[PDB]
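> Take a look at the following structure, please.
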Amino acid sequence: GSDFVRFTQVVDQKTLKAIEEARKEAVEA
Amino acid sequence: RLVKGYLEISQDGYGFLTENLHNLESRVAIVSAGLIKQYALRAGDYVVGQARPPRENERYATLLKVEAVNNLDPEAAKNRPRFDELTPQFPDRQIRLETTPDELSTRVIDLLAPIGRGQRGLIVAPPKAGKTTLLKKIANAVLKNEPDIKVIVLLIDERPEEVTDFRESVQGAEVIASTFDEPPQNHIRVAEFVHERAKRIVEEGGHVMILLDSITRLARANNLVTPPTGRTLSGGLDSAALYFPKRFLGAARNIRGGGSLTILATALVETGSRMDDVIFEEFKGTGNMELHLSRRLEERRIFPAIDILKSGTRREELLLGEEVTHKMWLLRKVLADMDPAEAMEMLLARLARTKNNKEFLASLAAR
Amino acid sequence: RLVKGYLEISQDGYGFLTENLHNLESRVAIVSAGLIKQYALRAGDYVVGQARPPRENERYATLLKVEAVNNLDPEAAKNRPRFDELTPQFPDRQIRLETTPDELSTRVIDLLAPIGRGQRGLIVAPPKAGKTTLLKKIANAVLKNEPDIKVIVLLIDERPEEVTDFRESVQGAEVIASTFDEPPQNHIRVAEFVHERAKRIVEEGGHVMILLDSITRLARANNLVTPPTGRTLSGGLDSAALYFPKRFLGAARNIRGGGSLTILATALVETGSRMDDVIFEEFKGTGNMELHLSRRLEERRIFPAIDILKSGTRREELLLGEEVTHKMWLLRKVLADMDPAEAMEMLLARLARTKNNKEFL
Amino acid sequence: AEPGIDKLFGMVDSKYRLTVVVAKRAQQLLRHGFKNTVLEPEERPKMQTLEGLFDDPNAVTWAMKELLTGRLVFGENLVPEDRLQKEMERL
Ligand SMILES: Nc1ncnc2c1ncn2[C@@H]1O[C@H](COP(=O)(O)OP(=O)(O)O)[C@@H](O)[C@H]1O
Ligand SMILES: Nc1ncnc2c1ncn2[C@@H]1O[C@H](COP(=O)(O)OP(=O)(O)O)[C@@H](O)[C@H]1O
Ligand SMILES: [Mg+2]
Ligand SMILES: [Mg+2]
């Protein structure tokens with residue numbers, strides 16, 4: 001329950017690449 | 001001398017040319033039935049032609065020679081397929097709804113009830129509960145995302161201060177309004193004239209966007225104007241009065257031959273009147289989309305106060321991918337689990353983190 | 001000079017020949033009242049004949065002689081029983097429906113509403129409630145399982161884009177339409193004209209599948225059609241509005257002498273209008289099948305959004321063999337229980353396992 | 001035991017981070033079903049009597065076998081947390 005580790009987002013590498021692709025296209029043009 | 005304006009074929013077969021105020025005025029030109037048949041012009045045609053001042057015993061100028069009609073060379077007006085013969089289609093060119101000032105609202109609108117060119121949907125909401133402001137928002141978003149399309153907005157039976165505010169905030173886009181102070185005869189006249197004008201523009205293969213305020217007030221104004229109709233339907237409704245609004249609304253469509261006609265109107269709902277809800281019912285079976293806004297959600301000051309569950313469209317695949325369609329399936333499952341006010345509160349928490357493209361793809365990851 | 005098409009006898013004692021445009025065309029040819037008497041011809045018959053061009057001051061082509069009627073010689077046409085005395089039975093020739101694209105929907109249909117030749121069925125739901133593309137699915141399945149049957153689709157009071165879409169996507173099958181844009185008179189003309197051609201077509205021992213869009217939206221469009229027709233019923237209806245729709249729909253029947261006339265149409269209900277609901281029950285007493293569709297399913301995008309519990313056939317045994325009737329007897333004793341939403345998913349999964357007979361297999 | 005716990009401890013600073021990562025992966029696997037795996041094609045866990053470890057005999061071992069690959073990334077804040085944590089619980 002310690003806040004230092006209470007919440008730790010977990011995502012796989014392929015969805016990581018999808019979200020990071022969304023990040024780089026988030027900077028438009 | 002030269003004259004210019006929009007054709008207004010009266011019952012006597014003669015015409016009137018309106019200004020920016022768009023009602024009856026005096027710089028009108030009379031186009032003989034012979035000329036009308038010569039150029040195959042219907043009312044609302046953008047006519048420009050050489051016409052000397054009205055002669056002796058003549059009160060309005062007679063269009064001696066026509067030069068430019070529909071902004072173009074007049075053989076097109078005469079030699080063109082009639083509007084009713086155009087092959088319709090389903091909407092296929094959806095309008096991306098990505099606006100910064102209120103990303104949440106337009107993002108939700110697009111993701112939930114996406115809109116394309118030729119859409120015939122309805123915003124359906126109780127009064128003083130979010131129709132007009134959201135219409136203004138989507139109008140601005142359209143003006144930003146689709147500058148090419150001729151965007152036109154009509155306000156019917158509305159408050160003059162709202163008219164002034166919007167016309168100031170319309171950024172010059174064609175804003176025509178009809179306040180409740182005006183007699184309903186003016187309301188019907190202006191609405192119909194806009195109807196034929198937009199019809200002509202679509203006849204020129206143009207994309208015409210119409211945003212109508214108070215479709216239900218429009219039906220009520222028709223009912224007042226419509227003097228008999230004989231049979232009186234449930235709740236005091238004229239049967240054949242709707243047909244003019246029905247012709248007005250069903251005209252919106254996706255045409256395969258170029259251009260489009262997309263009309264979105266504001267429906268007043270749960271106003272406690274059988275008239276209003278019934279008319280919502282007839283116009284509901286005509287439209288391809290409904291977006292419901294609830295009284296209590298607007299009461300909780302939640303904006304947009306969309307009734308998420310029952311809002312939707314037809315043929316999403318014709319505007320969305322199967323990936324998009326299935327993700328929408330999954331999301332609607334989640335939201336059909338998720339209670340309305342709860343839906344808005346937590347979704348507004350969830351979706352504000354990323355902008356319509358950021359949200360669009362980061363959410364196709366998430367949702 | 002060959003003249004072809006469907007006979008539309010005008011009211012003034014002469015006739016017309018209508019074409020594939022499925023409306024009032026100018027390709028019309030005159031059939032005088034005397035011609036009607038001497039050939040004993042009915043309108044709508046598939047007419048191929050010789051005619052002559054209109055004369056001076058005369059505007060419409062005049063018939064010269066009749067050679068083919070319903071692809072048959074006129075002499076046999078004078079000798080044929082008229083439709084009214086034809087002995088009707090209950091449907092006897094079912095249609096198996098397992099289609100590769102969506103075997104689930106057709107499987108649900110077969111298990112709940114087995115379809116036989118001459119059936120008078122129905123599907124009921126509010127507007128925008130899961131009807132038209134399901135009609136598309138069943139039409140396509142019929143196009144494969146029963147290519148022999150002359151399948152016809154009529155569209156009344158709907159959006160033109162849907163008209164066009166189904167037009168290409170039906171793969172050339174007989175699609176007729178009348179949008180809500182059209183005046184009510186065209187609606188009536190097209191509807192009854194399709195009615196009467198189908199009457200003559202079944203009259204020749206033919207099996208005719210009629211896919212009518214929107215039977216109760218047809219009813220609403222008929223109320224709009226209805227100029228008075230009588231005394232105000234509850235909800236705004238009048239007395240004799242129904243008869244033409246009732247004579248229209250009740251014509252569906254299984255005839256002992258061969259052929260069939262199976263008409264399926266879509267009903268709009270739960271619109272908050274007394275008119276609409278009352279029409280729902282009054283035509284409910286006319287059809288041999290109803291398929292209910294509730295909106296809680298569709299708001300969940302659950303498809304097919306079928307209210308399974310309310311749906312049920314008349315006289316299963318008369319269309320379904322004693323072994324088949326007994327197995328569905330047991331199954332209905334089984335399938336009657338499970339609760340609506342959980343019913344939806346578990347029945348969907350069960351039919352997703354294998355084919356209907358394969359499930360029995 | 002499990003494949004290379006020493007390697008697991010070496011690649012995180014503190015064990016409780018490891019536990020929360022593996023369990024959140026397990027919960028993701030449960031909610032999405034076992035389709036959202038990143039070791040699918042060849043190396044999948046296998047039972048003895050049959051191939052039951054293809055679907056779902058034990059999700060924790062699934063997650064740990066996943067993490068031994070480089071296909072898993074975890075961090076304190078790598079994604080906008082609010083969106084994920086408020087879509088997780090309603091499905
Ligand atoms: N997005 C919004 N954010 C905040 N307030 C809003 C929003 N939309 C509407 N409102 C409130 O609702 C009013 C608009 O109501 P409206 O939809 O114009 O009713 P009607 O269109 O039936 O006249 C605005 O004056 C404002 O008070
Ligand atoms: N089998 C189906 N699966 C999914 N959606 C369907 C199905 N059948 C119809 N629909 C949808 O439901 C809507 C109802 O079609 P239609 O009968 O024209 O509407 P209504 O009868 O409600 O006026 C259609 O727009 C179609 O998109
Ligand atoms: Mg307003
Ligand atoms: Mg539909």
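Residues are referred to by chain and number: the chain letter is A, B, ... according to the order shown in the structure tokens, the number counts from 1 in that chain, and ligands are numbered separately from 1 in the order shown.
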Would you please extract all helix (DSSP H, G or I) residues from segment 84-138 of chain C, as assigned by DSSP on the backbone, and give them as a ChimeraX atom specification?

/C:84-85,103-112,132-138

> Using only C-alpha atoms, please write the residues we just selected to a file, as a PDB file, in the first residue's frame.


ATOM      1  CA  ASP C  84     -60.182 -15.315 -54.578  1.00  0.00           C
ATOM      2  CA  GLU C  85     -61.446 -18.918 -54.526  1.00  0.00           C
ATOM      3  CA  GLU C 103     -25.094 -17.989 -39.554  1.00  0.00           C
ATOM      4  CA  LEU C 104     -25.954 -16.721 -36.066  1.00  0.00           C
ATOM      5  CA  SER C 105     -28.799 -14.438 -37.134  1.00  0.00           C
ATOM      6  CA  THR C 106     -30.277 -16.956 -39.573  1.00  0.00           C
ATOM      7  CA  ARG C 107     -29.873 -19.694 -36.964  1.00  0.00           C
ATOM      8  CA  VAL C 108     -31.794 -17.634 -34.406  1.00  0.00           C
ATOM      9  CA  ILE C 109     -34.426 -17.067 -37.088  1.00  0.00           C
ATOM     10  CA  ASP C 110     -34.779 -20.770 -37.862  1.00  0.00           C
ATOM     11  CA  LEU C 111     -34.943 -21.784 -34.201  1.00  0.00           C
ATOM     12  CA  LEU C 112     -37.433 -19.051 -33.259  1.00  0.00           C
ATOM     13  CA  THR C 132     -33.530  -3.051 -42.683  1.00  0.00           C
ATOM     14  CA  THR C 133     -30.128  -4.733 -42.764  1.00  0.00           C
ATOM     15  CA  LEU C 134     -31.631  -7.818 -41.147  1.00  0.00           C
ATOM     16  CA  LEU C 135     -34.087  -7.783 -44.041  1.00  0.00           C
ATOM     17  CA  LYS C 136     -31.003  -7.564 -46.248  1.00  0.00           C
ATOM     18  CA  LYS C 137     -29.505 -10.618 -44.541  1.00  0.00           C
ATOM     19  CA  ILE C 138     -32.619 -12.747 -44.913  1.00  0.00           C
TER      20      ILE C 138
END

> Just want the residues within 6 Å of ligand 1, written as number ranges by chain, counting only C-alpha atoms and all ligand atoms.

B: 127-134, 303-304

> Compute the set of protein, DNA and RNA residues whose minimum atom distance to ligand 4 is at most 7 Å, using only C-alpha atoms and all ligand atoms, and state it as a PyMOL selection string.

(chain B and resi 314) or (chain C and resi 128-132)

> Can you build me a table of chain B residues sitting at most 12 Å from ligand 3, with the closest atom pair per residue and its distance in Å to one decimal, using only C-alpha atoms and all ligand atoms, sorted by chain and residue number, as a Markdown table?


| residue | atom | partner | partner_atom_place_in_ligand_line | distance |
| --- | --- | --- | --- | --- |
| B:123 | CA | ligand 3 | 1 (Mg) | 11.9 |
| B:125 | CA | ligand 3 | 1 (Mg) | 10.4 |
| B:126 | CA | ligand 3 | 1 (Mg) | 10.0 |
| B:127 | CA | ligand 3 | 1 (Mg) | 7.0 |
| B:128 | CA | ligand 3 | 1 (Mg) | 6.4 |
| B:129 | CA | ligand 3 | 1 (Mg) | 8.1 |
| B:130 | CA | ligand 3 | 1 (Mg) | 7.4 |
| B:131 | CA | ligand 3 | 1 (Mg) | 6.0 |
| B:132 | CA | ligand 3 | 1 (Mg) | 4.3 |
| B:133 | CA | ligand 3 | 1 (Mg) | 7.3 |
| B:134 | CA | ligand 3 | 1 (Mg) | 9.6 |
| B:135 | CA | ligand 3 | 1 (Mg) | 9.1 |
| B:136 | CA | ligand 3 | 1 (Mg) | 10.1 |
| B:154 | CA | ligand 3 | 1 (Mg) | 11.8 |
| B:155 | CA | ligand 3 | 1 (Mg) | 8.6 |
| B:156 | CA | ligand 3 | 1 (Mg) | 9.3 |
| B:157 | CA | ligand 3 | 1 (Mg) | 9.0 |
| B:158 | CA | ligand 3 | 1 (Mg) | 6.3 |
| B:159 | CA | ligand 3 | 1 (Mg) | 7.4 |
| B:160 | CA | ligand 3 | 1 (Mg) | 10.4 |
| B:161 | CA | ligand 3 | 1 (Mg) | 10.4 |
| B:162 | CA | ligand 3 | 1 (Mg) | 7.3 |
| B:163 | CA | ligand 3 | 1 (Mg) | 9.4 |
| B:165 | CA | ligand 3 | 1 (Mg) | 11.6 |
| B:166 | CA | ligand 3 | 1 (Mg) | 10.7 |
| B:177 | CA | ligand 3 | 1 (Mg) | 11.6 |
| B:178 | CA | ligand 3 | 1 (Mg) | 12.0 |
| B:179 | CA | ligand 3 | 1 (Mg) | 10.7 |
| B:180 | CA | ligand 3 | 1 (Mg) | 11.2 |
| B:212 | CA | ligand 3 | 1 (Mg) | 10.7 |
| B:213 | CA | ligand 3 | 1 (Mg) | 7.1 |
| B:214 | CA | ligand 3 | 1 (Mg) | 7.6 |
| B:215 | CA | ligand 3 | 1 (Mg) | 11.2 |
| B:216 | CA | ligand 3 | 1 (Mg) | 11.8 |
| B:217 | CA | ligand 3 | 1 (Mg) | 10.8 |
| B:265 | CA | ligand 3 | 1 (Mg) | 11.5 |
| B:266 | CA | ligand 3 | 1 (Mg) | 8.6 |
| B:267 | CA | ligand 3 | 1 (Mg) | 10.5 |
| B:268 | CA | ligand 3 | 1 (Mg) | 9.8 |

> So how many Å separate atom CA of residue 1 of chain C and atom CA of residue 65 of chain C, to one decimal?

11.0 Å

> If we count only C-alpha atoms, which residues of chain A reach to within 7 Å of chain B? Please list them as a PDB file with N, CA, C and O atoms, in the first residue's frame.


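This is the output file out22.pdb:
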ATOM      1  N   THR A  15       1.755  -2.062 -27.195  1.00  0.00           N
ATOM      2  CA  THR A  15       0.890  -0.939 -26.855  1.00  0.00           C
ATOM      3  C   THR A  15       1.715   0.262 -26.418  1.00  0.00           C
ATOM      4  O   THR A  15       1.293   1.409 -26.598  1.00  0.00           O
ATOM      5  N   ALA A  18       2.497   1.827 -29.650  1.00  0.00           N
ATOM      6  CA  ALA A  18       1.304   2.509 -30.141  1.00  0.00           C
ATOM      7  C   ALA A  18       1.097   3.845 -29.431  1.00  0.00           C
ATOM      8  O   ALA A  18       0.873   4.877 -30.079  1.00  0.00           O
ATOM      9  N   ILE A  19       1.189   3.851 -28.098  1.00  0.00           N
ATOM     10  CA  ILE A  19       0.973   5.080 -27.344  1.00  0.00           C
ATOM     11  C   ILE A  19       2.089   6.082 -27.618  1.00  0.00           C
ATOM     12  O   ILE A  19       1.843   7.290 -27.701  1.00  0.00           O
ATOM     13  N   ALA A  22       1.486   7.643 -30.866  1.00  0.00           N
ATOM     14  CA  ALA A  22       0.515   8.701 -30.609  1.00  0.00           C
ATOM     15  C   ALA A  22       1.187   9.927 -30.005  1.00  0.00           C
ATOM     16  O   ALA A  22       0.770  11.060 -30.260  1.00  0.00           O
ATOM     17  N   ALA A  26       1.499  13.393 -31.730  1.00  0.00           N
ATOM     18  CA  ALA A  26       0.860  14.440 -30.944  1.00  0.00           C
ATOM     19  C   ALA A  26       1.520  15.781 -31.201  1.00  0.00           C
ATOM     20  O   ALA A  26       0.843  16.815 -31.236  1.00  0.00           O
TER      21      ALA A  26
END

> Need to verify the contact set: residue 325 of chain B, 12 Å, only C-alpha atoms, exclusion of same-chain residues closer than 5 positions in sequence. Can you return it as a PDB file with N, CA and C atoms, in the first residue's frame?


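Result file follows (out09.pdb):
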ATOM      1  N   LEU B 111     -16.678  10.993 -31.617  1.00  0.00           N
ATOM      2  CA  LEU B 111     -16.407   9.598 -31.289  1.00  0.00           C
ATOM      3  C   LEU B 111     -17.700   8.821 -31.089  1.00  0.00           C
ATOM      4  N   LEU B 112     -18.760   9.496 -30.647  1.00  0.00           N
ATOM      5  CA  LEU B 112     -20.004   8.821 -30.312  1.00  0.00           C
ATOM      6  C   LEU B 112     -20.991   8.810 -31.468  1.00  0.00           C
ATOM      7  N   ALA B 113     -21.280   9.971 -32.047  1.00  0.00           N
ATOM      8  CA  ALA B 113     -22.158  10.082 -33.208  1.00  0.00           C
ATOM      9  C   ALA B 113     -21.367  10.813 -34.280  1.00  0.00           C
ATOM     10  N   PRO B 114     -20.468  10.111 -34.964  1.00  0.00           N
ATOM     11  CA  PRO B 114     -19.658  10.761 -35.999  1.00  0.00           C
ATOM     12  C   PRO B 114     -20.539  11.305 -37.110  1.00  0.00           C
ATOM     13  N   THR B 313     -25.704   6.540 -34.731  1.00  0.00           N
ATOM     14  CA  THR B 313     -25.841   6.792 -36.158  1.00  0.00           C
ATOM     15  C   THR B 313     -26.125   5.485 -36.882  1.00  0.00           C
ATOM     16  N   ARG B 314     -26.219   5.581 -38.205  1.00  0.00           N
ATOM     17  CA  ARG B 314     -26.334   4.426 -39.083  1.00  0.00           C
ATOM     18  C   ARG B 314     -25.069   4.274 -39.917  1.00  0.00           C
ATOM     19  N   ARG B 315     -24.780   3.035 -40.318  1.00  0.00           N
ATOM     20  CA  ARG B 315     -23.726   2.744 -41.292  1.00  0.00           C
ATOM     21  C   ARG B 315     -22.390   3.352 -40.873  1.00  0.00           C
ATOM     22  N   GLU B 316     -22.012   3.101 -39.620  1.00  0.00           N
ATOM     23  CA  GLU B 316     -20.764   3.644 -39.097  1.00  0.00           C
ATOM     24  C   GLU B 316     -19.582   3.228 -39.958  1.00  0.00           C
ATOM     25  N   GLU B 317     -19.607   1.997 -40.469  1.00  0.00           N
ATOM     26  CA  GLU B 317     -18.537   1.526 -41.340  1.00  0.00           C
ATOM     27  C   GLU B 317     -18.385   2.418 -42.564  1.00  0.00           C
ATOM     28  N   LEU B 318     -19.471   3.064 -42.988  1.00  0.00           N
ATOM     29  CA  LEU B 318     -19.378   3.993 -44.106  1.00  0.00           C
ATOM     30  C   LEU B 318     -18.690   5.286 -43.705  1.00  0.00           C
ATOM     31  N   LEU B 319     -18.509   5.510 -42.407  1.00  0.00           N
ATOM     32  CA  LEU B 319     -17.696   6.603 -41.905  1.00  0.00           C
ATOM     33  C   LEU B 319     -16.552   6.142 -41.016  1.00  0.00           C
ATOM     34  N   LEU B 320     -16.570   4.895 -40.555  1.00  0.00           N
ATOM     35  CA  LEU B 320     -15.576   4.390 -39.624  1.00  0.00           C
ATOM     36  C   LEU B 320     -15.003   3.081 -40.139  1.00  0.00           C
ATOM     37  N   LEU B 330     -17.141  -1.971 -28.260  1.00  0.00           N
ATOM     38  CA  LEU B 330     -16.597  -2.200 -26.930  1.00  0.00           C
ATOM     39  C   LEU B 330     -16.867  -1.014 -26.010  1.00  0.00           C
ATOM     40  N   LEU B 331     -16.659   0.201 -26.515  1.00  0.00           N
ATOM     41  CA  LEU B 331     -16.882   1.398 -25.713  1.00  0.00           C
ATOM     42  C   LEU B 331     -18.347   1.546 -25.332  1.00  0.00           C
ATOM     43  N   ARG B 332     -19.252   1.266 -26.269  1.00  0.00           N
ATOM     44  CA  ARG B 332     -20.668   1.353 -25.943  1.00  0.00           C
ATOM     45  C   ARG B 332     -21.074   0.281 -24.957  1.00  0.00           C
ATOM     46  N   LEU B 364      -7.887   4.576 -28.958  1.00  0.00           N
ATOM     47  CA  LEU B 364      -7.964   3.320 -29.695  1.00  0.00           C
ATOM     48  C   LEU B 364      -6.996   2.307 -29.102  1.00  0.00           C
ATOM     49  N   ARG B 367      -9.437   2.638 -25.228  1.00  0.00           N
ATOM     50  CA  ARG B 367     -10.821   2.183 -25.403  1.00  0.00           C
ATOM     51  C   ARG B 367     -10.879   1.096 -26.467  1.00  0.00           C
TER      52      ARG B 367
ATOM     53  N   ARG C 301     -26.094  -2.182 -28.540  1.00  0.00           N
ATOM     54  CA  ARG C 301     -25.541  -2.595 -29.829  1.00  0.00           C
ATOM     55  C   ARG C 301     -25.509  -4.118 -29.955  1.00  0.00           C
TER      56      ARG C 301
END

> Could I get the residues of chain A with an atom no further than 6 Å from an atom of chain D, each paired with its nearest atom pair and that distance in Å to one decimal, using only C-alpha atoms, sorted by chain and residue number, as CSV?


residue,atom,partner,partner_atom,distance
A:5,CA,D:17,CA,5.7
A:8,CA,D:76,CA,5.4
A:10,CA,D:74,CA,5.3
A:12,CA,D:72,CA,4.8
A:13,CA,D:71,CA,4.7

> Do you know which residues are at most 7 Å from residue 87 of chain C counting only C-alpha atoms, after dropping those on the same chain fewer than 2 positions away, and could you put them as a PDB file with C-alpha atoms, in the first residue's frame?


ATOM      1  CA  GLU C  85     -61.446 -18.918 -54.526  1.00  0.00           C
ATOM      2  CA  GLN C  89     -53.567 -23.954 -46.260  1.00  0.00           C
ATOM      3  CA  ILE C 255     -52.264 -21.933 -51.245  1.00  0.00           C
ATOM      4  CA  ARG C 256     -53.006 -25.622 -51.736  1.00  0.00           C
ATOM      5  CA  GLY C 257     -52.896 -25.401 -55.530  1.00  0.00           C
TER       6      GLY C 257
END

> Please produce, as JSON lines, a per-residue contact table for chain B versus chain D (criterion: any atom at most 7 Å away, only C-alpha atoms considered), showing the nearest atom pair and its distance in Å to one decimal, sorted by chain then residue number.


{"residue": "B:334", "atom": "CA", "partner": "D:91", "partner_atom": "CA", "distance": 6.0}
{"residue": "B:346", "atom": "CA", "partner": "D:86", "partner_atom": "CA", "distance": 6.9}
{"residue": "B:350", "atom": "CA", "partner": "D:83", "partner_atom": "CA", "distance": 4.2}
{"residue": "B:351", "atom": "CA", "partner": "D:83", "partner_atom": "CA", "distance": 6.5}
{"residue": "B:353", "atom": "CA", "partner": "D:80", "partner_atom": "CA", "distance": 6.8}
{"residue": "B:366", "atom": "CA", "partner": "D:84", "partner_atom": "CA", "distance": 6.9}

> Which residues are near residue 200 of chain B? Cut-off 12 Å, only C-alpha atoms, ignore same chain within fewer than 2 positions. Put them as JSON, numbers by chain.

{"B": [6, 7, 40, 41, 42, 43, 44, 45, 46, 47, 69, 70, 71, 76, 77, 78, 80, 81, 82, 83, 84, 193, 194, 195, 196, 197, 198, 202, 203, 204, 205, 206, 207, 208, 251, 259, 260, 261]}

> Once DSSP has gone over the backbone, tell me which residues of segment 112-331 of chain C are in strand (DSSP E or B), as a PyMOL selection string.

chain C and resi 116+120+123-125+150-156+174-178+207-212+253-255+260-268+289-292+307-313

> Suppose you want the space between atom CA of residue 55 of chain B and atom CA of residue 12 of chain B; what is it in Å?

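Going from atom CA of residue 55 of chain B over to atom CA of residue 12 of chain B covers 20.0 Å.
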
> Would you mind listing, for every residue of chain B within 8 Å of chain C, the two atoms forming the shortest contact and the distance between them in Å to one decimal, using only C-alpha atoms, sorted by chain and ascending residue number, as JSON lines?


{"residue": "B:87", "atom": "CA", "partner": "C:164", "partner_atom": "CA", "distance": 7.7}
{"residue": "B:88", "atom": "CA", "partner": "C:161", "partner_atom": "CA", "distance": 5.0}
{"residue": "B:89", "atom": "CA", "partner": "C:161", "partner_atom": "CA", "distance": 4.4}
{"residue": "B:90", "atom": "CA", "partner": "C:161", "partner_atom": "CA", "distance": 5.2}
{"residue": "B:231", "atom": "CA", "partner": "C:228", "partner_atom": "CA", "distance": 7.4}
{"residue": "B:232", "atom": "CA", "partner": "C:236", "partner_atom": "CA", "distance": 7.7}
{"residue": "B:233", "atom": "CA", "partner": "C:236", "partner_atom": "CA", "distance": 5.6}
{"residue": "B:234", "atom": "CA", "partner": "C:236", "partner_atom": "CA", "distance": 5.9}
{"residue": "B:239", "atom": "CA", "partner": "C:224", "partner_atom": "CA", "distance": 6.6}
{"residue": "B:240", "atom": "CA", "partner": "C:224", "partner_atom": "CA", "distance": 7.4}
{"residue": "B:246", "atom": "CA", "partner": "C:181", "partner_atom": "CA", "distance": 7.5}
{"residue": "B:247", "atom": "CA", "partner": "C:181", "partner_atom": "CA", "distance": 6.1}
{"residue": "B:250", "atom": "CA", "partner": "C:181", "partner_atom": "CA", "distance": 6.5}
{"residue": "B:251", "atom": "CA", "partner": "C:181", "partner_atom": "CA", "distance": 7.8}
{"residue": "B:253", "atom": "CA", "partner": "C:161", "partner_atom": "CA", "distance": 7.2}
{"residue": "B:254", "atom": "CA", "partner": "C:161", "partner_atom": "CA", "distance": 7.2}
{"residue": "B:278", "atom": "CA", "partner": "C:273", "partner_atom": "CA", "distance": 7.2}
{"residue": "B:281", "atom": "CA", "partner": "C:271", "partner_atom": "CA", "distance": 6.7}
{"residue": "B:284", "atom": "CA", "partner": "C:127", "partner_atom": "CA", "distance": 7.4}
{"residue": "B:285", "atom": "CA", "partner": "C:127", "partner_atom": "CA", "distance": 5.6}
{"residue": "B:286", "atom": "CA", "partner": "C:159", "partner_atom": "CA", "distance": 6.7}
{"residue": "B:309", "atom": "CA", "partner": "C:299", "partner_atom": "CA", "distance": 6.1}
{"residue": "B:310", "atom": "CA", "partner": "C:299", "partner_atom": "CA", "distance": 5.6}
{"residue": "B:329", "atom": "CA", "partner": "C:301", "partner_atom": "CA", "distance": 6.7}
{"residue": "B:332", "atom": "CA", "partner": "C:300", "partner_atom": "CA", "distance": 6.5}
{"residue": "B:333", "atom": "CA", "partner": "C:300", "partner_atom": "CA", "distance": 6.0}
{"residue": "B:336", "atom": "CA", "partner": "C:300", "partner_atom": "CA", "distance": 6.0}

> Which neighbours of segment 19-27 of chain B fall inside 10 Å, counting only C-alpha atoms, when residues of the same chain fewer than 5 positions from it are skipped, and could you give them as a list in words?

residues 3, 4, 5, 6, 8, 53, 54, 59, 60, 61, 174, 175, 176, 177, 186, 187, 189, 190, 193 and 194 of chain B

> Please compute the atom 11 (C, counted along the ligand's line) of ligand 2-atom CA of residue 304 of chain C distance, one decimal, in Å.

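Going from atom 11 (C, counted along the ligand's line) of ligand 2 over to atom CA of residue 304 of chain C, I get 9.7 Å.
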